[PDB]
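Only one chain is shown below, in structure tokens, and it's the form deposited in one PDB entry.
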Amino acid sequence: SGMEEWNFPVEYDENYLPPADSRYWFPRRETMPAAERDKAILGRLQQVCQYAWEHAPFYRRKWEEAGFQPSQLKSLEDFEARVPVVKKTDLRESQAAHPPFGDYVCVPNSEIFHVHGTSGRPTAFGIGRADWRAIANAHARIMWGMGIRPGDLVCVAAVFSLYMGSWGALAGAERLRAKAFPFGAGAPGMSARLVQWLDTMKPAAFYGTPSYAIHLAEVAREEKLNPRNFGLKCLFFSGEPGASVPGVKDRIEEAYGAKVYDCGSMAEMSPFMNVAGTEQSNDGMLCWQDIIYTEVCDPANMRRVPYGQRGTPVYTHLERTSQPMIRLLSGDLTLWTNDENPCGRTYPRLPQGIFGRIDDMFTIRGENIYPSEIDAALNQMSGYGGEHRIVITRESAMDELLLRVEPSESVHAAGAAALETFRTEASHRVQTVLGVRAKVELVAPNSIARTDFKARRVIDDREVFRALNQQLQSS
């Protein structure tokens, strides 16, 4: 194959640094014919499944139940149809019956290097020493693709706790031999201090959520600092949609005078940057197939949908020995294509990134709406204040969409008629985009809580919905 350090278990050279003139960290793996890479991926898939069969009773039980033996994996079509998908609920049950890391941990307790997890039943991540190096090496490779280089100051501004996002970006920065600046997030008073550090330090790259980048520009402005004077060449994000959302990407690129990159699958899927945009293929994300095998499937049969069609990402680790995920169902919605990429990398693409989680979708008069579609339409409006909330009910069918929208400070300062003009135009814009009646209630500028993490814009409470609709009928 000629694939750079193509081994299982993987063992990367910690001293390797690509030539300064190279666009690719691994020229072969990243640009080889897709059909040649798919031959080696299937080869690796067989190794991984044999490994999981040996060390994970969780996979041994699940596969035996669905009538699968690793020897039946003879093609990528066999993987799709014979291998059952892993659900996040299966991981919880495995961890409850086999605490703390479940019966899919594989490595002995002795090899466990880091303990992380989920929050908001939580799952524990028991990552081995070798897997941490595989994650760091994979991330340095993908960050190089974004134009991030050794010696560049990289600000990692996501919470350093159970959350894998921050740790993953730090591990990549460390291996890329960049100046890792792990400021983190989460504590009150952090954002006001961060803008001062960004003004002083002038970083080349920034990592966090797309929501935090917006909140931080407002903080920079309140602190009488200009976010374009932070010397950023790029901002790279994961955690939620935004970085491949038309109006959101444009607002962040304009506020910082830098490029925006979309990345991120799942925390269970670390190296989560396995889906990521590159400096030239800057819109959407590429599926780095030789790091993690991505399949975009029809949720009805868990089989790959054709290119140009929407489906759910199903992921398989190719370079992990601790808690390896084999066909984990994301529960997210995307669209994938297989056209020539501007960077020259021969990978499938998610041109619009990831739309959101299927469970977050709601319905108004037979029309399926994703919260990111509302966020996208509102962010493309000049008078929009940067924040909103969607008030819904899943206990009864909704006839109209209730929105609490913030106007801009200049729209508010322009008076009562100017506010009413924006409220009417916002309602109409959402209606033209979604094809459903939209009731808009204007709230005071900067009243809606901002976040340094993931934006939770849907209020699914029944009482709140009734209270709002009744108040919107009285006005």
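One rule holds for the numbers: they count along the sequence shown, beginning at 1.
Just so it is clear, the following notes concern the form deposited in another entry, a form of the same protein that is not shown.
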Can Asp298 and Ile214 be said to ride on the same rigid part between this form and the one not shown? yes
Shift in CA distance, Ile369 and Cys297, in the other form relative to the form shown here, given it is 3 Å or more: closer
Direction of Cα pair change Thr421-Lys249 in the other form, magnitude 3 angstroms or more: farther
